[PDB]
Structure formats: C-alpha cells, structure tokens
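Asker: experimental structure and sequence below, a few questions after.
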Amino acid sequence: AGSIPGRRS
Amino acid sequence: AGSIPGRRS
Amino acid sequence: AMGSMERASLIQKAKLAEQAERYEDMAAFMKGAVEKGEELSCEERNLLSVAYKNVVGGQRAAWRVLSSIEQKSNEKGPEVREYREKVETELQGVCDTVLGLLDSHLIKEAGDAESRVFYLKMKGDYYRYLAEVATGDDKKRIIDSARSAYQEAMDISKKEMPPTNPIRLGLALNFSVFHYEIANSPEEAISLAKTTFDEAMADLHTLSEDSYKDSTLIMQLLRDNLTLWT
Amino acid sequence: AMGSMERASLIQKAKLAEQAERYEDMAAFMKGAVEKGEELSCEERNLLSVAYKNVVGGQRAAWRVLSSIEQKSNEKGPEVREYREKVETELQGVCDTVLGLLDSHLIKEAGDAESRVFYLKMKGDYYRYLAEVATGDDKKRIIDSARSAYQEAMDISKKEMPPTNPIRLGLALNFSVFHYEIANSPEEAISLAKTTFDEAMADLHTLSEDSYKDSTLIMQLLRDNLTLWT
Ligand SMILES: *Cc1ccc([N+](=O)[O-])c(O)c1
Ligand SMILES: *Cc1ccc([N+](=O)[O-])c(O)c1
Ligand SMILES: [Cl-]
Ligand SMILES: [Cl-]
C-alpha cells in the first residue's frame, strides 16, 4: 500500500 | 575510474 | 543553530542539500526557515515536506527492518530491542519536531485552502508515522489525532479545491492508506480511493496538458492501491 | 558515547545497523569496538571498513555535487561555497577519525600480513579522500601520506600474499586509482592494473571455486578501469 512518495521536490 | 566499492559486508 | 542565517540563504541551502541528497541538512535548513516566523510559499512548503519525508522515510525503513528481526527473535540478548528502541526514539523525535513546527505556528497562520490543507495533511501524516510505532496508553489518541487532521483537511479540500487538485488527491491517497494500514478500515480505504479516482477522472477535461499530467500521476497511485486491495 | 557498551554488543549492533542501512550508526558502533583496545578479527575489520566507506562515500558524492555547482557559478552569494565548505569539513573530520583509529592503535598492533595490509590500505584510502578535497599548503604532504601507506601495503602484500588474494587485489586496484586520479600518473596506474591482473590470472588455477569467484570479481574491476583508461 503506497502513500505519496513525496521525496523529490 | 572505479575503486573498490566496499559498501557491503 | 540557524538563527544567525538569512531566511533566503536557508532556502537556497535547502535546495542545494536536496541536490546533494543531504536530507538531514535540508530539514535543518527548512526548520530554520520556518522559525523565522514568516509564512511559507508553495515552493517553500514543498521543500519542508520533501526534506522531512526523506528523513523520516529512512527512519521508518530502518525501524521496519529492526522490528522484523526483533519479531523473528521472539536468545541473542537485549541488543535488537535496544537498537530498535533507539531508532524508534529518533523517529518519534523527528515527528515531534515537524508537528511542533505545524503547531508553532504554521497552521494557525495558514488562511488559504492550499496552505491550510497542505499543513493539515502533514499533521495527519506525521501522527500516522507515530501511530505506526505506537503500542502504549496513547496509541488510540495518536490514531485519533491523525484521523482528525486528515478529516479537517478533507473537509476543506472538498469545499475549496477541484477534484483534480494534486494536494487534494495526495491527501485522499494518504488518508486511504491511514484507513487501510492504521485504522483497520479497509472498506473505507477502498471506498475513498475509488470515489476520489472517479471524481478526478470526471474533472480531467478541464485541465491543461501540464495539469493533466500532474493529476493523472497521483490518480495512478490511487489505482495501484485499489489493484492491491481488491 | 560507546564506552559503557560491551564490545560484543557493539559488534552485534554494527551488524544490525548495516542491515538497516544506518551507516553513521554502524561507524559509531565500530569506532566504539575499536576503542575497547583489542585487535579486530577479519570480519570485524570488514565491518569497520564497510561502515566508514559508506559514510565517507555519501560525503564525497555530496561534495562533488556541490563543488560542481560552485564551479559553474564561477552571483548567487556565498551560499554554495559556504555549504560546500561545511560538507568538506565534515568529510575531513570523518577521515581524521578513521586515520586516528588506525594510528591509535590498530596499525602498530597489526602483526599478520592480512591485518597490516588491510589497515595500511585503509590509511592510503582515507588520505586519498583528503587529497580529493585538498588545495592548500599541505596538499602535497597529504598525497605523499597516501602514497607512503599504499606503498608499504604493496611491499608487504607482494612478499606475504598470493597474487589472487582479494585484499592484495583491492589494494592494487585502489593504488592504481590513486595514481590515475590523484598523482597525475596514468601510465603508472595502467601498468599496475595490467601487471596485477596478469599475475592473478596466472594464479587462478590454484584456487577453489569460491576463492576463484572472490578473486575474479576484483579482477573484473581492474579490467573495467583498463577499458576506461586505454
Ligand atoms: C501530498 C502530495 C500531493 C501531491 C504531490 N504531487 O506530487 O503532486 C506531492 O508530491 C505530495
Ligand atoms: C579493499 C577490498 C578488497 C577486496 C574486497 N572484496 O570484496 O574481496 C573488498 O570488499 C575490499
Ligand atoms: Cl542502541
Ligand atoms: Cl552552510
């Protein structure tokens, strides 16, 4: 189950 | 030019 | 340690730290920028979020490795537990720091829907990360704190944003993960993901080519989860 | 901070930190183990080396990103230089820490060829990393310190180890990189890599299947460099 990766601006 | 990676035991 | 550096220099160095993949530095720089007391721009909010997502993401991955080893062991001594506890404490400290920034005073000064939803989504996420490792008297209160932040963000985004807004979509994605992984409510998770996806699909016709790409990217993540859950 | 923890617990936690990809922790645990004052086993030496190779490897990668940005800029202000300097100082601190461990007192207590060559190779490597960022009065002395450590290690390994020994091969590989990248001696680098490879090829027939795999792995790295250099 994937949340927002959100690790790259 | 590659040295020994050496990052995994 | 950042009180003596200009706000603009902190932002510039946060961008450099991202390029160098120095996310602990990036987070410290953005923490310094927040503590200057001015509201954050859209780009600045993204830098804050990216920095701490990377830091806590590394901590969560390490915690899961160690927690898995610890579960298998249950005699090697106290070492696996001790070290899992150390990582867990550092993770909780980072979550507390982010939540402290939101509470002092990012959220209360956030008046626009875009900023307020963004910060409330963050608040839900970092309580969710606390909930992932919680086991004591306050696990239920931690879960309800995550739920409450997500719910307020959802209510605002449904009133103030179009169904394709990327922040609205990412909030719904993460709230659905909260339902599935934390709240033991897989049907709620599936229902939210489906309704979010379908409402966005119906609004894509209003978007430019670039906005279409932004929205369909996150819609695919909703679809990926539904494929895994059904 | 590790003085109160058992040596064996430090080693156990270093292994856990590697599994969790927490290399700063791994290095601190192995630094604590070294400071207990006992010699290190073969496996323990590898843990020490892996930990600090990862830590400094991350710092070197970040330094190169920032140094490249800084070179392109040469007006954005002092920020790129300031932050490159910060990373550079942290990198130099890690190198100094490792070199301090070797000098106090790993090398002087290392009597066997396998341990002494291992530590002298490390000493060459971490002076090489200092040389990569050096620009002042001591750049030449730093380069000669790397050269001297590598040379002593080479002399021992040629006397005491077979040409296929993985430590002997990795030492020659890294000394050849020193020649090519640091000492402006590409012909020496090429000659060393070729002679090392050919002498190993001729000794493979003496090895078991598992030793053969270990040696040919590093021989391929020598070949990769020769392909790049010729
Ligand atoms: C929380 C969130 C929502 C959307 C996007 N996006 O990429 O459009 C994020 O990175 C994060
Ligand atoms: C320095 C060195 C030499 C050999 C190997 N090996 O993998 O056989 C290393 O990891 C490091
Ligand atoms: Cl610990
Ligand atoms: Cl700086």
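Answerer: Received, thanks. Residues are numbered from 1 along each chain as shown, chains lettered A, B, ... in the order given. Ligands and ions are numbered 1, 2, ... in the order given.
Asker: do you know how far residue C:29 is from residue C:129?
Answerer: Between residue C:29 and residue C:129 the distance is 21 Å, computed by CB to CB, to the nearest Å. For the C-beta atoms, the positions are set from N, CA and C on the backbone; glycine is no exception.
Asker: buried sites along the host helix or strand of residue C:143?
Answerer: Assigned by DSSP states H and E, residue C:143 belongs to helix C:139-160. If you call a residue buried by 16 or more other CB atoms under 10 Å in any protein chain shown, then helix C:139-160 has these buried ones: C:142-143, C:145-147, C:149-150, C:152-154, C:156-157.
Asker: could I get these in a markdown table, plus columns for distance to ligand 2?
Answerer: Listed next are the buried residues of helix C:139-160 as a markdown table, based on distance: CB to the nearest ligand atom, whole Å:
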| residue | distance to ligand 2 |
| --- | --- |
| C:142 | 43 |
| C:143 | 45 |
| C:145 | 47 |
| C:146 | 44 |
| C:147 | 49 |
| C:149 | 47 |
| C:150 | 47 |
| C:152 | 52 |
| C:153 | 49 |
| C:154 | 51 |
| C:156 | 54 |
| C:157 | 51 |
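Asker: from these, pick the one nearest residue C:194.
Answerer: Nearest to residue C:194, judged by CB to CB, of the buried residues of helix C:139-160 is residue C:154 at 15.2 Å.
Asker: any idea how far ligand 3 is from residue C:149?
Answerer: Separation of residue C:149 from ligand 3 (CB to the ion, to the nearest Å): 32 Å.
Asker: check residue C:65 too.
Answerer: Residue C:65 sits at a distance of 14 Å from ligand 3 (criterion: CB to the ion).
Asker: does that residue really touch residue D:19, like I thought?
Answerer: Yes. At 5.6 Å, residue C:65 counts as touching residue D:19 under the criterion of CB atoms under 8 Å.
Asker: neighbour-wise, which of those two wins?
Answerer: residue C:65 (18 against 14; other CB atoms under 10 Å in any protein chain shown).
Asker: what strand or helix carries the more buried one?
Answerer: Here residue C:65, judged by DSSP H and E, is contained in helix C:42-73.
Asker: tell me what that helix is packed against?
Answerer: In terms of contacts (3 or more CB pairs under 8 Å, 6 or more residues apart in numbering or on different chains; DSSP states H and E), helix C:42-73 is packed against helix C:7-19, helix C:23-34, helix C:79-101, helix C:113-133, helix D:7-19.
Asker: so which of the ones you listed is nearest residue D:44?
Answerer: Of all these, helix D:7-19 sits nearest to residue D:44, with 6.3 Å by CB to CB.
Asker: so which elements touch that closest one?
Answerer: Counting contacts by 3+ CB pairs under 8 Å, 6+ apart, helix D:7-19 is packed against helix C:42-73, helix C:79-101, helix D:23-34, helix D:42-73.
Asker: pull the CA atoms of it into PDB?
Answerer: In PDB, the C-alpha atoms belonging to helix D:7-19 read as follows (Å, rounded to 0.1, in the frame of the first residue of the first chain):
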ATOM      1  CA  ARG D   7      32.400  -5.000  22.800                       C
ATOM      2  CA  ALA D   8      30.300  -7.900  21.600                       C
ATOM      3  CA  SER D   9      27.100  -5.800  21.800                       C
ATOM      4  CA  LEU D  10      28.700  -3.000  19.700                       C
ATOM      5  CA  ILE D  11      29.700  -5.600  17.000                       C
ATOM      6  CA  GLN D  12      26.100  -7.100  17.100                       C
ATOM      7  CA  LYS D  13      24.600  -3.600  16.700                       C
ATOM      8  CA  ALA D  14      27.000  -2.700  13.900                       C
ATOM      9  CA  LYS D  15      25.700  -5.800  12.000                       C
ATOM     10  CA  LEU D  16      22.100  -4.700  12.700                       C
ATOM     11  CA  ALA D  17      22.900  -1.100  11.500                       C
ATOM     12  CA  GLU D  18      24.300  -2.500   8.300                       C
ATOM     13  CA  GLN D  19      21.000  -4.400   7.700                       C
END
